[PDB]
Amino acid sequence: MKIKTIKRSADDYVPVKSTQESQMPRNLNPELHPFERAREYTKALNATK
Amino acid sequence: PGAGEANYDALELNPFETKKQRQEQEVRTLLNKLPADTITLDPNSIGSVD
Amino acid sequence: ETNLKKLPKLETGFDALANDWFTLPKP
Amino acid sequence: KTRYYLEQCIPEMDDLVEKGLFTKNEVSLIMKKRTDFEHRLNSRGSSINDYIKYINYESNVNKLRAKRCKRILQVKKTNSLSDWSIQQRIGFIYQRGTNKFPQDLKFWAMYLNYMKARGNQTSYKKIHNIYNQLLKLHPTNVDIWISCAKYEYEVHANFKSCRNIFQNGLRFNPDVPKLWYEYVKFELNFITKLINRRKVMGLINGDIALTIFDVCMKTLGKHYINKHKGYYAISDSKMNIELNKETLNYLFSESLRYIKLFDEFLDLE
Amino acid sequence: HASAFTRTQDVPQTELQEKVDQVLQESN
Amino acid sequence: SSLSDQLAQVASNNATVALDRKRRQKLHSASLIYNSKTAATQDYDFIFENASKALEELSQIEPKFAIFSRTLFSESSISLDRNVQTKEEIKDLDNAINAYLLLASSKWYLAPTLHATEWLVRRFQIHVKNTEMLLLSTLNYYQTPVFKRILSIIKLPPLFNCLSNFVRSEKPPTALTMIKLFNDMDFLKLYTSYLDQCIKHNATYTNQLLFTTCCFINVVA
Amino acid sequence: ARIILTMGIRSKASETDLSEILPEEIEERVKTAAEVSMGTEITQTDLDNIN
Amino acid sequence: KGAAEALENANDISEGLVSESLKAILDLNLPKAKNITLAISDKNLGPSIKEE
Amino acid sequence: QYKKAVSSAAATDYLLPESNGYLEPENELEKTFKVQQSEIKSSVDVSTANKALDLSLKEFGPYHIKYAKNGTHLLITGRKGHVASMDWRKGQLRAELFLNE
Amino acid sequence: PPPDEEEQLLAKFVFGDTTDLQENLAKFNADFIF
RNA sequence: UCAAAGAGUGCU
């Protein structure tokens with residue numbers, strides 16, 4: 001039957017060149033970044049210090 | 001199939017984290033340490049105006 | 001019209017280009 | 001700032017999916033190849049071939065969209081962001097590559113040709129801006145002075161400014177005999193078309209070149225004396241005679257080359 | 001901005017230019 | 001089995017996955033034309049461009065090289081990774097590599113073969129997976145500098161342990177050390193199959209036979 | 001010495017062909033060195049004995 | 001263009017003078033324009049540039 | 001700005017390179033519970049077959065498995081006291097503890 | 001209507017399809033090459 | 001060799 005699985009392309013994430021910058025994948029799903037309200041506050045407090 | 005998440009945020013966690021950045025990630029997350037008393041039943045409640 | 005073609009066209013190449021001394025001896 | 005470039009393209013794929021041309025799966029593949037290039041171009045050791053590869057890859061994407069537009073939408077142009085965006089972005093990459101690598105005359109050459117082909121989409125003023133930077137960056141390359149002179153004497157037919165380009169180029173490069181030849185060749189071309197127009201005018205009803213001849217000998221002699229002498233003058237009287245002889249031999253071949261130019265123009269005496 | 005296209009000098013800088021405009025002036 | 005032993009098999013299975021930058025450096029640094037530093041800097045496109053030209057020269061000398069242009073030296077092969085292919089496709093890929101090593105059998109003296117093989121080494125990592133077939137084929141080019149370069153970038157299988165001395169060594173493998181390889185019973189019959197393939201394909205050439213003949217003749221002595 | 005026979009003065013070096021004397025990579029070095037050279041001009045009286 | 005030009009410009013730069021090369025390069029670049037501002041290491045070269 | 005901000009979030013949803021897996025039967029008769037694990041092992045590619053790990057060892061059974069957040073490294077602790085930290089993808093053991101507690 | 005061969009060829013390049021390579025593999029026989 | 005820790009160099 002039909003199967004597909006999470007599949008990582010090594011070249012995409014690990015560059016072939018030593019000098020080429022690795023790809024930084026980003027997902028703005030809000031669940032993946034918890035504790036907004038505690039976080040920004042801590043960045044706030046560190047900034048004042 | 002479908003067990004894992006499709007796409008991962010590099011900033012939060014990276015399977016391809018090199019030895020030097022995992023230190024960069026480590027120190028930053030220390031700098032951004034959340035206080036114990038900051039724990040609340042709802043993260044949205046914190047920071048309101050009395 | 002035939003004469004105008006015979007007249008020369010200025011030719012250019014870019015389009016073609018487009019397509020140690022201080023060390024003493026050890027004893 | 002790779003993400004910034006990636007984000008600027010988001011409205012477009014949304015337009016591609018909205019119009020139905022490209023599926024979300026196909027769109028994702030275009031994105032993944034796009035992402036690899038942007039990191040490549042922004043990284044260390046980036047070279048011009050990266051710009052050329054991205055431009056070539058992006059050009060192919062435009063062609064498929066055009067084919068699919070007639071195949072699926074059955075429309076010549078769909079009024080949305082998709083039509084002019086791939087074409088706009090290619091110019092952006094050319095600007096970055098030419099900005100990033102001003103040295104390669106080859107990369108500049110496609111930029112001029114690519115924009116020249118899309119004459120309607122790119123105003124002739126934008127071609128002017130490219131040349132002004134290019135002449136400014138490489139003033140001693142004769143090919144570029146004759147380049148913009150040729151572009152506008154044919155496409156635009158502005159003899160006044162076509163005279164101006166040569167008039168500037170000879171200022172910077174008075175010792176190159178090739179540039180003088182083209183500016184003479186242009187000069188007789190202007191006269192012959194003027195006389196042919198006069199002949200046509202009657203049907204429906206030059207010395208200036210010889211002057212360019214005059215000074216062309218003088219400065220070429222002066223510069224050839226400056227070369228072959230180096231920093232200093234030549235003390236021996238005999239060599240100064242050979243120096244004069246070498247200029248005379250160098251100078252006559254310059255003159256003889258122009259005598260061949262006269263033969264081409266039948267109308268002129 | 002300064003451009004090779006249009007003359008900003010307002011006078012003939014090079015000796016070529018003093019000469020060419022004389023023919024232009026003399027011609028018509 | 002010990003966890004370390006089980007874990008070792010995992011490492012061998014994922015030898016070419018390129019999980020991180022450090023592994024990718026080791027794979028990409030492996031080269032047959034260039035040194036490690038320049039090799040890391042080179043690109044698949046740059047390597048493919050030289051290889052495509054090299055194959056055309058090989059095609060002129062022998063037409064049969066032209067077939068691999070459709071399969072192995074294609075432009076689409078740049079985007080082809082073996083780690084992302086399934087079992088059937090990998091078996092399908094490996095045999096096509098094997099035939100190329102066979103047709104290249106009489107031509108390593110020609111420089112373009114060395115360039116053409118670089119694409120397979122860089123794109124397909126034949127030095128890691130097809131380590132036997134590459135090394136069996138180049139057995140009689142031992143004194144040539146090419147074989148020494150092969151040894152440096154290749155992990156010797158169990159049957160070639162005797163060559164572990166000459167890996168990254170100034171002196172090439174001596175003729176005497178060979179008899180020991182073929183003296184080993186397990187190797188002879190391993191070598192028997194590869195020779196059995198060439199005879200079926202009529203790909204045997206003189207230098208293969210004359211090198212082949214001596215050593216077995218020497219094992220007798 | 002054979003270079004000096006072909007080119008007597010650095011001005012001659014720019015156009016003189018050194019193919020039979022030097023390989024391609026080396027022969028262009030002397031040409032580039034000639035224009036950015038350091039030495040002073042020598043008389044033909046001098047040049048005759050050097051040849 | 002060559003060795004000879006560098007010396008005679010080297011003479012001209014020192015005496016706070018403007019060579020034909022300096023006049024040529026500057027004209028194509030600086031806009032005619034209130035007044036465009038140019039940075040020069042030499043104060044003595046300033047009056048020469050202003051005159052041209 | 002929220003309707004703009006979520007629009008930006010919707011914009012980045014396209015940037016996400018890959019999707020999750022699926023397993024649906026072509027034929028209604030085929031059932032997702034009927035399919036047996038070995039058949040899925042056949043369908044998945046070679047690298048995934050390597051990504052699947054099976055090691056049998058009985059010295060300190062049972063063994064509790066724990067998985068790192070980033071997920072590079074596996075930690076498995078035996079009931080009788082044996083714990084080993086290793087990365088399944090790389091195939092190298094970080095440390096070995098044979099404590100009999 | 002089905003796509004033309006010229007359209008088919010352009011389709012493989014843009015989508016990076018590798019099937020065409022795969023049967024050309026699955027159809028090699030070592031005897032034919034030799 | 002891996003493996004953890006320092007100290008400089010090039011360059012975005």
# chains A, B, ... in the order shown; residues from 1 in each chain; ligands from 1

call {"tool": "residues_around", "arguments": {"residues": "residue 20 (chain H)", "least_positions_apart": "5", "cutoff": "9 Å", "atoms": "only C-alpha atoms (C1' of nucleotides)", "output": "count of residues only"}}
result
4

call {"tool": "residues_around", "arguments": {"residues": "residue 10 (chain J)", "least_positions_apart": "3", "cutoff": "12 Å", "atoms": "only C-alpha atoms (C1' of nucleotides)", "output": "PyMOL selection string"}}
result
(chain D and resi 60-61+63-65+67-68) or (chain J and resi 3-7+13-17)

call {"tool": "interface_residues", "arguments": {"of": "chain A", "to": "chain K", "cutoff": "12 Å", "atoms": "only C-alpha atoms (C1' of nucleotides)", "output": "JSON, numbers by chain"}}
result
{"A": [19, 20, 21]}

call {"tool": "residues_around", "arguments": {"residues": "region 4-21 of chain E", "least_positions_apart": "2", "cutoff": "9 Å", "atoms": "only C-alpha atoms (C1' of nucleotides)", "output": "count of residues only"}}
result
26

call {"tool": "atom_distance", "arguments": {"atom1": "CA of residue 182 (chain D)", "atom2": "CA of residue 216 (chain D)"}}
result
12.0 Å

call {"tool": "interface_residues", "arguments": {"of": "chain H", "to": "chain G", "cutoff": "12 Å", "atoms": "only C-alpha atoms", "output": "ChimeraX atom specification"}}
result
/H:1-4,6

call {"tool": "write_last_selection", "arguments": {"atoms": "N, CA and C atoms", "output": "compact mmCIF listing (two decimals), in the first residue's frame"}}
result
# COMPACT_ATOMS: atom_id res chain seq x y z
N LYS H 1 48.30 54.24 -17.50
CA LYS H 1 48.61 53.50 -18.72
C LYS H 1 49.96 52.79 -18.60
N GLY H 2 50.94 53.44 -17.99
CA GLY H 2 52.25 52.84 -17.86
C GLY H 2 53.08 53.55 -16.82
N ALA H 3 54.38 53.23 -16.85
CA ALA H 3 55.31 53.83 -15.89
C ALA H 3 55.36 55.35 -16.04
N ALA H 4 55.41 55.84 -17.28
CA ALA H 4 55.61 57.27 -17.50
C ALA H 4 54.49 58.09 -16.88
N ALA H 6 52.59 57.41 -14.27
CA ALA H 6 52.63 57.42 -12.81
C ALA H 6 53.59 58.48 -12.29

call {"tool": "residues_around", "arguments": {"residues": "residue 35 (chain I)", "least_positions_apart": "3", "cutoff": "12 Å", "atoms": "only C-alpha atoms (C1' of nucleotides)", "output": "ChimeraX atom specification"}}
result
/A:1-3 /I:23-25,29-32,38-43
